[PDB]
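K.L.:
Let me give you the structure first, and then I'll get to my questions.
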Amino acid sequence: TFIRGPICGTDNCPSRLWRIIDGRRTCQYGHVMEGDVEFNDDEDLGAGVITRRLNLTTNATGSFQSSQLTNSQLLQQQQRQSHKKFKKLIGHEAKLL
Amino acid sequence: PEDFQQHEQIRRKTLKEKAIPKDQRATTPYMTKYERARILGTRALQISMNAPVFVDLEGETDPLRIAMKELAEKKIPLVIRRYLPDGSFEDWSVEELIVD
Amino acid sequence: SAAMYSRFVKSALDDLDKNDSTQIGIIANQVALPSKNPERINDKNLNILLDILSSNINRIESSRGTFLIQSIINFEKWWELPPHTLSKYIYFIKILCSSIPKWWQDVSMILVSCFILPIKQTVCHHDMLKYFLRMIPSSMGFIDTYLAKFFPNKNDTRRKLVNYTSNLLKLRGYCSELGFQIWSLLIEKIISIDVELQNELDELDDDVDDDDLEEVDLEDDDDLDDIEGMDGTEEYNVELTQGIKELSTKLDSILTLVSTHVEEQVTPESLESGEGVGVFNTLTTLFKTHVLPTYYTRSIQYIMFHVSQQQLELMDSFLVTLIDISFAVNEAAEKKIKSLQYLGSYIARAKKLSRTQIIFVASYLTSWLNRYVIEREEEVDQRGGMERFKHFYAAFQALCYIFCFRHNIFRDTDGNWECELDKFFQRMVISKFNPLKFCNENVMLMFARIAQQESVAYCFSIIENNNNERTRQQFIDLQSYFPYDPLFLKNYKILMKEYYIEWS
Amino acid sequence: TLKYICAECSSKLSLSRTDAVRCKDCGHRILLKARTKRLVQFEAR
Amino acid sequence: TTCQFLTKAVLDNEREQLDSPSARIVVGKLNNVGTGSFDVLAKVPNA
Amino acid sequence: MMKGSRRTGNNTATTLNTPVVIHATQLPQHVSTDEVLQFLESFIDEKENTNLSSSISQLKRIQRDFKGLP
Amino acid sequence: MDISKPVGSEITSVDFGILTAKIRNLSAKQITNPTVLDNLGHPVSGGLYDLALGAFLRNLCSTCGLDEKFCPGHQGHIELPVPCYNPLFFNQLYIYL
Amino acid sequence: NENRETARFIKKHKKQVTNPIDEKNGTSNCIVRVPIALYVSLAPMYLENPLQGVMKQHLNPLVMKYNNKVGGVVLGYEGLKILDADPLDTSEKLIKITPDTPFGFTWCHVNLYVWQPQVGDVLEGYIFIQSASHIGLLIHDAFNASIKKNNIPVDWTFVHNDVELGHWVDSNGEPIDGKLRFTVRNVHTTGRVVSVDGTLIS
Amino acid sequence: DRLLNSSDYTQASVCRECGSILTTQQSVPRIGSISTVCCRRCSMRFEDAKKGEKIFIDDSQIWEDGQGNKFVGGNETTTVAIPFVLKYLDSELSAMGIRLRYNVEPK
Amino acid sequence: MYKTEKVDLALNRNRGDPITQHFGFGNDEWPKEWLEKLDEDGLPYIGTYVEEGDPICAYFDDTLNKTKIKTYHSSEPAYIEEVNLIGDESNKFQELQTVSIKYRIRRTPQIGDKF
Amino acid sequence: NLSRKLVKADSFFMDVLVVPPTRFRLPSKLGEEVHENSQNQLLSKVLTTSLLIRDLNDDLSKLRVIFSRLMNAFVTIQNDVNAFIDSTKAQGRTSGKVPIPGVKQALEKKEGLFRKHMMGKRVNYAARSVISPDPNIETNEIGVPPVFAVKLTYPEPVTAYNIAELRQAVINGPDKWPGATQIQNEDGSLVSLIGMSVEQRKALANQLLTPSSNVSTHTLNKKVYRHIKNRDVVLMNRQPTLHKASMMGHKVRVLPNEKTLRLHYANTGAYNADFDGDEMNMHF
Ligand SMILES: [Zn+2]
């Protein structure tokens, strides 16, 4: 149930840590980290206007890492031709089949 | 070392003109309920940081209750400095203030 | 063919005068490879590089020649060299850190951090350490902050905590100024290990692990041979294995190695000429400050029990230094009751004590108690509870505990009692304080069954009348803490058998 | 067997993959999940 | 009218003396009413 | 690597530790060799009734230098 | 607050003023690039999110040399090619004109 | 103009008290006495004993290190005097407890004894080592000083112990003994070590 | 307690020359040295050398940021105890061109 | 007290953008212990006690190539009452991407309840 | 003017702007969607016109209509630097409901910065709950639920008189009520107690008076963060705080088996309180 982010110290291990009160972060053995700022906001469709259309998304406890391009896309632009079956390219095995 | 010799000497002389001597001090002989609350706040905050206590803390484990016993025996070594509104001040020790 | 390579570094040496640092960034990179990576430097090309720098360091001192010094400093495993390559590398540090002593700041970061290796592995790490401490006298002040910085973590393995400390005992020998600091750094970090062992230990009934063949476990590790940007969010099974049997041998390995060392350091000639008194001062002024304010702690106060019991001089500065604590006026209560607790169990459990010191103690105690009953009987019947007399009740137990374990000392050929014990104890038990009801139940009933067999004073009628007539909780728990109860440490106990009196 | 229920004619049903969310018998687009034998515990309070 | 008074003070080179309770909470100084209208001083025994 | 964390502790210069200000209050005035010898006799004997015993030894190399020979 | 961390120096008075054009000694950044991101989302140097204005997106700071946990942030200046005035002081320069 | 604008720059870097030579020898007089004024905290634990507190908190960490505000290395302190916060010498002074914490701040005077080398000063010291890169010395048996090669004259040769080190022999055919006399070129505030950069040129 | 000590208490650095919160900086030192806190606009850069009959710097007035720029002077800092919004107040008044000067008179 | 939540996976997707994420699990890329609350189709067993944090349905998205499960976040513990899975009418013959899930929160009389 | 410096007329004019640091200009986000900061939307607009007039200046370097574009630039480089500072002082397009309110509207409102964030703040170590009546606590007391009681803590410094209490507080740990939740060492570093067994907690509890061998921190001592006990104090307030008797100091009385704050009837006149769904804040 641990979530990633930066590395850890407290003289043990570079890994992901354990936040205690959702913005205060501890280690795995009971030593404390410093000042998680925990970006939150209130809702006042209102509160100004929907200004533009920009594709930035939180996925890594805070600032943007999701909706980033050409990094998980190479094995997605070739899955159509490979995974589906009976593609109708069979010319000489069809003479054998 | 030329500026600081004068800038100190101005400062300690200005501070002497605002000190009101013991025979000329004109405020109340009582501890004015805010002096009492801050003395017990400041003394207990010193007792919890290992200041030497001058009273038998008879199994008392509360720093605020220790200072309430030092206040009853006139054992708190603090000094109230009462600022008159031009900055001048009177120094009243805690032992000589009447406690309400 | 080793000379043309020696011209490449000398052609590189004036390239900082050409102001590029271009070919240096391949030379200086080439020596800072890891010591399993075969494109590192060898002992031929090192001596090629070394004395270009031991004769012409006048321009490496610049703001861009700095980086090759890092690669010479962080040239890892550097003590693994043959002596025609090692003692030339030792010669380089003795001039680099004397030409620019901005690098003794940085080289001693490496020297202390390799005290983890054993004694025979760091003969060179201590030679450079002894030397600059004579050369740079302003380095006692900040290599001290490197001793505590590189002390190993307690939940790590066991070779680090036994061999970082052993190389640190080498330091105290050739480093006399940095002494009181050595023992403060060790005694504070035994308690981290000593304290977690009694709460893992059972009750006062003795514990046996039924292991006839003990675990040597010299082979208990591997051989001494010594990511993808993110990882992905993870899950449970941290599985902290507790210090069940690991932290029993961590306190075996260390605290035996300590008292082996002090068996040397106190001796009938260092008490004159060396600092055998000075090791005894730096532990007694570390006794009453560090271990004496700990709670619930066996296994550490055997050290002072082992040092003082070496020589008879050391008892005349520890049986009275303990009374400097346990009868003062300026000291708090619970310091005194824990020290009177130290009083009765040091005198009872130490075999090498002489009877010239027993009634040196036991007369000062009976003088205190009889002086107490003179001045303060009339304060019994007044307002106030019987908790005002915790000092008297602690001292009466501190006296009766001596008689339970050293009663045949107080006799003579006639069977008489020194300090009039049948006249003392018949007088004090029946006093208005009633010291049988307000002291430890087990050791006051231990006293009743013995002082009848010794026919000193009779108190079963008063013990019967006290429990028919009948905060406080942590005051009894000082009266239940016998400090020199027997030991859990399976290897340190062997040296205590020559010193420590058993239950019978 | 993982199953569903047609919300219009109460006909049991199961869907795997390349399978439209419809009732095979009628053509109802709304399916409700059935409950199978699975342990849940309660205090009788 | 926050920036309205702010302009009136910048044009005036004003030294805020930090003695009203609104000026002391802004700068975090202890208030001057009640328990903050006097000082406490510890009388130390050695010369 | 481990000199790069706990860098407020690697500052190690709190208000309990270091003074708030130090001002020179006059012009510095040179002492003689006869006076540093009389000073260091007093300053080392006063601190020989802790810290500072790693720096008294530096003074005892300074004290021996003014009146003797290595 | 901690009571084991006393503070020796306190603020007694606050002077109001105007920053003059000696911002040059203060800020040595001169934020010129109007583009604030790039492709791969990295801060472009000279932009508003430059790394000498404080640590950002798990970068060390250029001037502070510290991560997001310990840098204060630092101020950057925009060169204006003309003296544009101040709308705070405009009604008062309109009187001395 | 800029002939009196720069007084807030140039006067700040001019050390007042230079070092004179002694006994008509040439070696300068660098150990100086300076009076200072401290503003220090005082613990609640040292509140029955205020002078031992100021010594153990603020004065003892300051000795044998370089201080910026005196320009030297603090050798000691003599005549510590807490300034009273009650103008009215006397035994019972009083210092001012801060509002938030139980700590009390006060002013103190004391006289330092700092060691102050400057450029052009001439120092003595026993030679510790010497190589064909530099000479290393210990000033007053405590202070490191290195005389590098580009400040040693050209006409001196390094004799070589041929197996294991060796003398730096001058133009006169004299292997040099310990007690050397050299002139300061620069003083270093590099790390926690104070090192004198010196010369042997005219 | 309810408005400073338990909401946004930050011990911040202030120059005792220009009286500012936001012009201070902790330098990026040598790895064999110690960083300290230094003001920026009180510090004059090292390419402003102007000329015992000559001047020379005592090696501790000179500090560097990680950009490599040396600076001479800019010391005389201390630590005060302010609410953290007073940093956000000072920076959002600099964006109006307004300079707040803080007088740290107990020094 | 009953409450319905509409779990929808066409909420972000444009009408032109093809189908990205799928109810169910993705093989070989596996967190366990989601299978205590959830079933093979990535939908919860009905009758299941949930708390805040507990997974309320799973999905596999093609872009991030991950198995992602939506989490129930309300301080009241509930039981899964009903799970309706909603087919499509406008775009026919397309896979499951709208599921409504009804909870029940049991409400014994607590101190503070107004009668 | 003791510094006797000159009032200069370039105090009215801005040759440079300054940009607030990165921490004061973090990107906004709602839902999970990161936006660009509002302070940067009307600031790069100044930085494009800083570049539009910069290329257009190069046409003047080689030498009508270019002045009609140059004078057009001086209006908008003023009308953008007016928009970075105010928002009604830069009217611009005049289309209604103007966004990016500028650095003045961040300072002026009922919310603003002074009223919402300097004069009043949100605090740590506070709680609130519905209140319930109780004739069985004292009139000066408050009945604290055990939900609140094992959450709010007090940094007690450990000394020679409270080591008996503070050992048992570390042993009881974060779940048994007269307990603790963190210890703070003399270097200011915190050690949490939440994952630990009683053996690691009895390890820490027997080391509270052991002096760490440092010299920087020989003055300091440790701090146990004990829970809230019966001797603690609480400021209670009914929320429309008309007079100062609606914010009084109560003594803590920790009551088992209860989930609401619980108050005596003698205190209901001063808080204007009726026990029908009212809440009161509890500051510690
Ligand atoms: Zn840790």
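We name chains A, B, ... following the order of the structure tokens; residues begin at 1 in each chain, and ligands are numbered from 1 as shown.
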Identify, on the basis of only C-alpha atoms, every residue whose closest approach to range 38-43 of chain A does not exceed 8 Å; exclude the query and any residue fewer than 3 positions from it along the same chain; express the result as a PyMOL selection string.
P.N.:
(chain A and resi 22-23+47+62) or (chain K and resi 29-30)
K.L.:
For the residues selected in the previous step, produce a file with N, CA and C atoms as a compact mmCIF listing (two decimals), in the first residue's frame.
P.N.:
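Below is the file result36.txt, written as the result:
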# COMPACT_ATOMS: atom_id res chain seq x y z
N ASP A 22 -0.66 12.24 5.82
CA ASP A 22 -1.00 12.61 4.43
C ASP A 22 -0.33 13.92 4.01
N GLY A 23 0.98 14.01 4.25
CA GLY A 23 1.71 15.25 4.05
C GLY A 23 2.84 15.38 5.04
N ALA A 47 -16.56 29.10 -10.59
CA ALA A 47 -15.22 29.45 -10.12
C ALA A 47 -14.34 29.97 -11.26
N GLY A 62 1.24 14.42 -6.75
CA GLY A 62 1.50 15.84 -6.87
C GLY A 62 1.58 16.33 -8.30
N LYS K 29 -3.90 22.98 -9.62
CA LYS K 29 -4.55 21.78 -10.11
C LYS K 29 -5.88 21.55 -9.40
N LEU K 30 -6.89 21.18 -10.18
CA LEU K 30 -8.18 20.75 -9.67
C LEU K 30 -8.51 19.40 -10.28
K.L.:
If the limit is 12 Å from any atom of ligand 1, counting only C-alpha atoms and all ligand atoms, which residues qualify? Return them as a PyMOL selection string.
P.N.:
(chain A and resi 8-18+25-33) or (chain C and resi 153-155) or (chain K and resi 189-192)
K.L.:
Okay, now the selection with N, CA and C atoms, as a tab-separated table (two decimals), in the first residue's frame?
P.N.:
chain	number	residue	atom	x	y	z
A	8	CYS	N	14.78	7.43	-0.25
A	8	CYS	CA	14.76	7.55	1.20
A	8	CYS	C	16.16	7.42	1.78
A	9	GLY	N	16.32	8.05	2.94
A	9	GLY	CA	17.53	7.95	3.74
A	9	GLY	C	17.23	7.28	5.06
A	10	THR	N	17.43	8.02	6.16
A	10	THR	CA	17.39	7.53	7.55
A	10	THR	C	18.32	6.33	7.71
A	11	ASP	N	19.46	6.40	7.03
A	11	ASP	CA	20.58	5.49	7.13
A	11	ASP	C	20.22	4.05	6.75
A	12	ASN	N	19.15	3.84	5.98
A	12	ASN	CA	18.87	2.48	5.52
A	12	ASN	C	18.83	2.33	4.00
A	13	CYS	N	17.91	3.01	3.30
A	13	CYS	CA	17.50	2.43	2.02
A	13	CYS	C	16.87	3.40	1.02
A	14	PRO	N	17.39	3.47	-0.21
A	14	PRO	CA	16.71	4.28	-1.23
A	14	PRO	C	15.45	3.60	-1.74
A	15	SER	N	14.29	4.06	-1.30
A	15	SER	CA	13.01	3.45	-1.67
A	15	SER	C	11.89	4.46	-1.46
A	16	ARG	N	10.67	3.96	-1.41
A	16	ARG	CA	9.47	4.72	-1.10
A	16	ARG	C	9.14	4.60	0.39
A	17	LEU	N	8.50	5.64	0.93
A	17	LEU	CA	8.40	5.85	2.36
A	17	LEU	C	6.96	5.66	2.81
A	18	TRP	N	6.69	6.04	4.05
A	18	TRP	CA	5.36	5.90	4.63
A	18	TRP	C	4.93	7.23	5.22
A	25	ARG	N	5.77	12.69	6.34
A	25	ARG	CA	6.28	11.42	5.85
A	25	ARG	C	7.35	10.87	6.79
A	26	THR	N	7.22	9.59	7.11
A	26	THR	CA	8.11	8.90	8.03
A	26	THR	C	8.89	7.85	7.25
A	27	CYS	N	9.80	7.15	7.93
A	27	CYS	CA	10.51	6.07	7.28
A	27	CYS	C	9.81	4.77	7.65
A	28	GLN	N	10.44	3.66	7.31
A	28	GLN	CA	9.88	2.35	7.62
A	28	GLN	C	10.20	1.90	9.04
A	29	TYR	N	11.12	2.58	9.73
A	29	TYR	CA	11.51	2.17	11.08
A	29	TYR	C	11.22	3.23	12.12
A	30	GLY	N	10.51	4.30	11.76
A	30	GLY	CA	10.18	5.34	12.71
A	30	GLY	C	11.19	6.47	12.80
A	31	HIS	N	11.54	7.06	11.66
A	31	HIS	CA	12.30	8.29	11.61
A	31	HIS	C	11.57	9.21	10.64
A	32	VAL	N	11.52	10.52	10.93
A	32	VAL	CA	10.61	11.46	10.19
A	32	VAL	C	11.29	12.25	9.05
A	33	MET	N	10.58	12.46	7.92
A	33	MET	CA	10.98	13.26	6.72
A	33	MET	C	10.47	14.71	6.90
C	153	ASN	N	25.10	1.33	12.25
C	153	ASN	CA	23.73	1.22	12.71
C	153	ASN	C	23.55	-0.07	13.49
C	154	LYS	N	22.70	-0.01	14.50
C	154	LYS	CA	22.55	-1.11	15.45
C	154	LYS	C	21.84	-2.32	14.85
C	155	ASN	N	20.89	-2.11	13.94
C	155	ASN	CA	20.19	-3.22	13.32
C	155	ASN	C	20.90	-3.75	12.08
K	189	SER	N	15.47	15.58	15.89
K	189	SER	CA	14.90	14.54	15.06
K	189	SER	C	13.81	13.79	15.81
K	190	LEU	N	12.74	13.47	15.10
K	190	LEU	CA	11.58	12.81	15.68
K	190	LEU	C	11.66	11.31	15.46
K	191	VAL	N	11.23	10.54	16.46
K	191	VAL	CA	11.15	9.09	16.38
K	191	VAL	C	9.70	8.71	16.62
K	192	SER	N	9.03	8.20	15.59
K	192	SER	CA	7.64	7.82	15.76
K	192	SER	C	7.53	6.48	16.49
K.L.:
So how many Å separate CA of residue 405 in chain C and CA of residue 453 in chain C, to one decimal?
P.N.:
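Distance reported for this atom pair: 13.5 Å.
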K.L.:
Considering only C-alpha atoms, can you say which of C:192, C:167, C:282, C:265 comes closest to residue 50 in chain F?
P.N.:
C:282
K.L.:
Got a sec: who's within 8 Å of range 411-425 of chain C, counting only C-alpha atoms, leaving out chain neighbours fewer than 2 positions off, as a VMD selection string?
P.N.:
chain C and resid 359 363 366 407 to 409 427 to 429 455 to 457
K.L.:
Determine, using only C-alpha atoms, which residues of chain B have any atom at most 8 Å from an atom of chain K, and tabulate each with its shortest atom pair and distance in Å to one decimal place, rows ordered by chain and then rising number, as a Markdown table.
P.N.:
| residue | atom | partner | partner_atom | distance |
| --- | --- | --- | --- | --- |
| B:48 | CA | K:157 | CA | 6.1 |
| B:49 | CA | K:157 | CA | 7.2 |
| B:50 | CA | K:159 | CA | 7.0 |
| B:59 | CA | K:161 | CA | 7.6 |
| B:60 | CA | K:161 | CA | 7.2 |
| B:61 | CA | K:162 | CA | 5.1 |
| B:62 | CA | K:162 | CA | 7.5 |
K.L.:
Take the residues from that selection and write them out as an mmCIF file, in the first residue's frame, keeping N, CA, C and O atoms.
P.N.:
data_model
loop_
_atom_site.group_PDB
_atom_site.id
_atom_site.type_symbol
_atom_site.label_atom_id
_atom_site.label_comp_id
_atom_site.auth_asym_id
_atom_site.auth_seq_id
_atom_site.Cartn_x
_atom_site.Cartn_y
_atom_site.Cartn_z
ATOM 1 N N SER B 48 10.864 22.927 33.553
ATOM 2 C CA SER B 48 10.857 21.800 32.629
ATOM 3 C C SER B 48 12.108 21.723 31.774
ATOM 4 O O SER B 48 12.297 20.726 31.079
ATOM 5 N N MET B 49 12.945 22.748 31.785
ATOM 6 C CA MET B 49 14.217 22.748 31.084
ATOM 7 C C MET B 49 15.370 22.724 32.071
ATOM 8 O O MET B 49 16.411 23.332 31.824
ATOM 9 N N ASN B 50 15.147 22.076 33.219
ATOM 10 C CA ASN B 50 16.167 21.715 34.209
ATOM 11 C C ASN B 50 16.748 22.924 34.935
ATOM 12 O O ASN B 50 17.946 22.984 35.195
ATOM 13 N N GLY B 59 6.315 14.791 45.260
ATOM 14 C CA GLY B 59 5.665 13.897 44.329
ATOM 15 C C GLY B 59 4.834 14.581 43.274
ATOM 16 O O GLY B 59 3.946 13.955 42.699
ATOM 17 N N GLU B 60 5.096 15.854 43.007
ATOM 18 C CA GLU B 60 4.383 16.589 41.979
ATOM 19 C C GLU B 60 5.113 16.402 40.659
ATOM 20 O O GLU B 60 6.340 16.504 40.609
ATOM 21 N N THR B 61 4.362 16.104 39.599
ATOM 22 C CA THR B 61 4.930 15.806 38.291
ATOM 23 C C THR B 61 4.538 16.835 37.243
ATOM 24 O O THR B 61 4.776 16.625 36.052
ATOM 25 N N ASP B 62 3.939 17.940 37.663
ATOM 26 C CA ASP B 62 3.411 18.951 36.760
ATOM 27 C C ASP B 62 4.282 20.186 36.900
ATOM 28 O O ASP B 62 4.436 20.684 38.024
#
K.L.:
Please identify which residues in range 167-281 of chain K DSSP calls strand (DSSP E) from the backbone, and express them as an MDAnalysis selection string.
P.N.:
chainID K and resid 180:184 190:192 223:227 233:238 247:254 261:263 279:281
K.L.:
Write out, as a short mmCIF file (atom, residue, chain, number, x, y, z; two decimals), in the first residue's frame, the residues just selected, with C-alpha atoms.
P.N.:
data_model
loop_
_atom_site.label_atom_id
_atom_site.label_comp_id
_atom_site.auth_asym_id
_atom_site.auth_seq_id
_atom_site.Cartn_x
_atom_site.Cartn_y
_atom_site.Cartn_z
CA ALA K 180 2.46 8.81 23.77
CA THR K 181 2.99 8.93 20.03
CA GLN K 182 6.48 10.39 19.25
CA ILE K 183 9.69 11.11 21.07
CA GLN K 184 11.96 13.94 19.99
CA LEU K 190 11.58 12.81 15.68
CA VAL K 191 11.15 9.09 16.38
CA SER K 192 7.64 7.82 15.76
CA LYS K 223 10.50 15.53 24.44
CA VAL K 224 7.84 12.87 24.70
CA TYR K 225 4.68 13.74 22.83
CA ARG K 226 2.24 12.41 25.41
CA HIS K 227 -1.50 12.16 24.82
CA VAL K 233 -6.32 22.44 29.37
CA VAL K 234 -8.62 23.17 26.46
CA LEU K 235 -10.02 26.33 24.90
CA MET K 236 -13.58 25.67 23.83
CA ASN K 237 -15.59 28.00 21.63
CA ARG K 238 -19.04 28.05 20.18
CA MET K 247 -14.11 31.14 24.39
CA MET K 248 -13.17 29.74 27.79
CA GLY K 249 -10.64 27.38 29.29
CA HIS K 250 -11.85 23.95 30.37
CA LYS K 251 -10.15 21.11 32.18
CA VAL K 252 -9.88 17.85 30.32
CA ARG K 253 -11.89 14.84 31.49
CA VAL K 254 -11.39 11.83 29.24
CA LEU K 261 -17.76 16.36 23.29
CA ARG K 262 -19.67 16.57 26.50
CA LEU K 263 -20.38 19.67 28.53
CA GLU K 279 -20.62 22.10 17.46
CA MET K 280 -17.77 23.58 19.47
CA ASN K 281 -14.10 23.77 18.61
#
K.L.:
Please build the interface table for chain K against chain E with a cut-off of 9 Å, listing for each qualifying residue the nearest atom pair and the distance in Å to one decimal; count only C-alpha atoms, order rows by chain and increasing number, and write it as a Markdown table.
P.N.:
| residue | atom | partner | partner_atom | distance |
| --- | --- | --- | --- | --- |
| K:1 | CA | E:13 | CA | 8.7 |
| K:104 | CA | E:3 | CA | 6.9 |
| K:107 | CA | E:2 | CA | 6.7 |
| K:108 | CA | E:2 | CA | 5.6 |
| K:109 | CA | E:1 | CA | 8.2 |
| K:112 | CA | E:2 | CA | 8.8 |
| K:114 | CA | E:26 | CA | 8.0 |
| K:118 | CA | E:26 | CA | 5.9 |
| K:119 | CA | E:25 | CA | 6.9 |
K.L.:
Just the selected residues (N, CA and C atoms), exported as a PDB file, in the first residue's frame, please.
P.N.:
ATOM      1  N   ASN K   1      14.209  62.322   6.980  1.00  0.00           N
ATOM      2  CA  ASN K   1      15.024  61.464   6.130  1.00  0.00           C
ATOM      3  C   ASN K   1      16.448  61.565   6.639  1.00  0.00           C
ATOM      4  N   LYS K 104      -3.148  42.615  -6.775  1.00  0.00           N
ATOM      5  CA  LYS K 104      -3.886  43.447  -5.838  1.00  0.00           C
ATOM      6  C   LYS K 104      -5.093  42.721  -5.279  1.00  0.00           C
ATOM      7  N   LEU K 107      -4.714  40.644  -2.448  1.00  0.00           N
ATOM      8  CA  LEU K 107      -4.563  41.355  -1.188  1.00  0.00           C
ATOM      9  C   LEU K 107      -5.860  41.966  -0.674  1.00  0.00           C
ATOM     10  N   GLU K 108      -6.785  42.349  -1.549  1.00  0.00           N
ATOM     11  CA  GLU K 108      -7.987  43.072  -1.143  1.00  0.00           C
ATOM     12  C   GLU K 108      -9.224  42.216  -1.373  1.00  0.00           C
ATOM     13  N   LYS K 109      -9.840  41.743  -0.284  1.00  0.00           N
ATOM     14  CA  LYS K 109     -11.249  41.335  -0.217  1.00  0.00           C
ATOM     15  C   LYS K 109     -11.543  41.085   1.262  1.00  0.00           C
ATOM     16  N   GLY K 112      -8.958  38.114   0.763  1.00  0.00           N
ATOM     17  CA  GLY K 112      -7.690  38.817   0.636  1.00  0.00           C
ATOM     18  C   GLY K 112      -6.492  37.979   1.026  1.00  0.00           C
ATOM     19  N   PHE K 114      -4.699  39.467   4.177  1.00  0.00           N
ATOM     20  CA  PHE K 114      -4.596  39.932   5.554  1.00  0.00           C
ATOM     21  C   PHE K 114      -5.655  39.308   6.441  1.00  0.00           C
ATOM     22  N   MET K 118      -3.667  36.177   7.728  1.00  0.00           N
ATOM     23  CA  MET K 118      -2.788  36.820   8.735  1.00  0.00           C
ATOM     24  C   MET K 118      -3.597  37.068  10.012  1.00  0.00           C
ATOM     25  N   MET K 119      -4.764  37.692   9.895  1.00  0.00           N
ATOM     26  CA  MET K 119      -5.598  38.015  11.040  1.00  0.00           C
ATOM     27  C   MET K 119      -6.265  36.765  11.595  1.00  0.00           C
TER      28      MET K 119
END
K.L.:
In Å, rounded to a single decimal, give me how far CA of residue 33 in chain H is from CA of residue 121 in chain H.
P.N.:
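It comes out at 17.3 Å.
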K.L.:
Residues of chain J within 12 Å of chain D, counting only C-alpha atoms, what are they? List them as a VMD selection string.
P.N.:
chain J and resid 22 to 24 36 to 50 79 to 102 106 108
K.L.:
Residues of chain I no more than 9 Å from chain K, counting only C-alpha atoms: send them over as a list in words.
P.N.:
residues 2, 3, 4, 6, 7, 8, 83, 85, 86, 88, 89, 91, 92, 93, 94, 95, 96 and 97 of chain I
K.L.:
For chain C against chain J, with a cut-off of 12 Å and counting only C-alpha atoms, what is the closest atom pair and its distance in Å to one decimal for every residue that makes the cut, ordered by chain and number, as a Markdown table?
P.N.:
| residue | atom | partner | partner_atom | distance |
| --- | --- | --- | --- | --- |
| C:232 | CA | J:66 | CA | 10.8 |
| C:233 | CA | J:31 | CA | 10.1 |
| C:234 | CA | J:31 | CA | 9.0 |
| C:235 | CA | J:31 | CA | 8.6 |
| C:236 | CA | J:33 | CA | 11.0 |
K.L.:
Write a file of the just-selected residues containing N, CA, C and O atoms, as a CSV table (one decimal), in the first residue's frame.
P.N.:
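Result saved to result.csv:
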chain,number,residue,atom,x,y,z
C,232,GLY,N,8.0,1.6,-9.1
C,232,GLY,CA,6.6,1.2,-9.1
C,232,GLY,C,6.2,1.0,-7.7
C,232,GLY,O,7.0,0.5,-6.8
C,233,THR,N,4.9,1.4,-7.4
C,233,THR,CA,4.5,1.5,-6.0
C,233,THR,C,4.3,0.1,-5.4
C,233,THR,O,3.8,-0.9,-6.1
C,234,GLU,N,4.7,-0.1,-4.1
C,234,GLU,CA,4.9,-1.4,-3.6
C,234,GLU,C,3.9,-1.7,-2.4
C,234,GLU,O,3.0,-0.9,-2.1
C,235,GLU,N,4.2,-2.8,-1.7
C,235,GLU,CA,3.2,-3.5,-0.8
C,235,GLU,C,4.0,-3.9,0.4
C,235,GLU,O,5.1,-3.5,0.7
C,236,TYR,N,3.4,-4.8,1.2
C,236,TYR,CA,3.7,-5.2,2.6
C,236,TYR,C,4.9,-6.1,2.6
C,236,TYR,O,5.8,-6.1,1.7
K.L.:
Which parts of chain B does DSSP call alpha helix (DSSP H) when run on the backbone here, written out as a PyMOL selection string?
P.N.:
chain B and resi 3-17+35-47+63-70
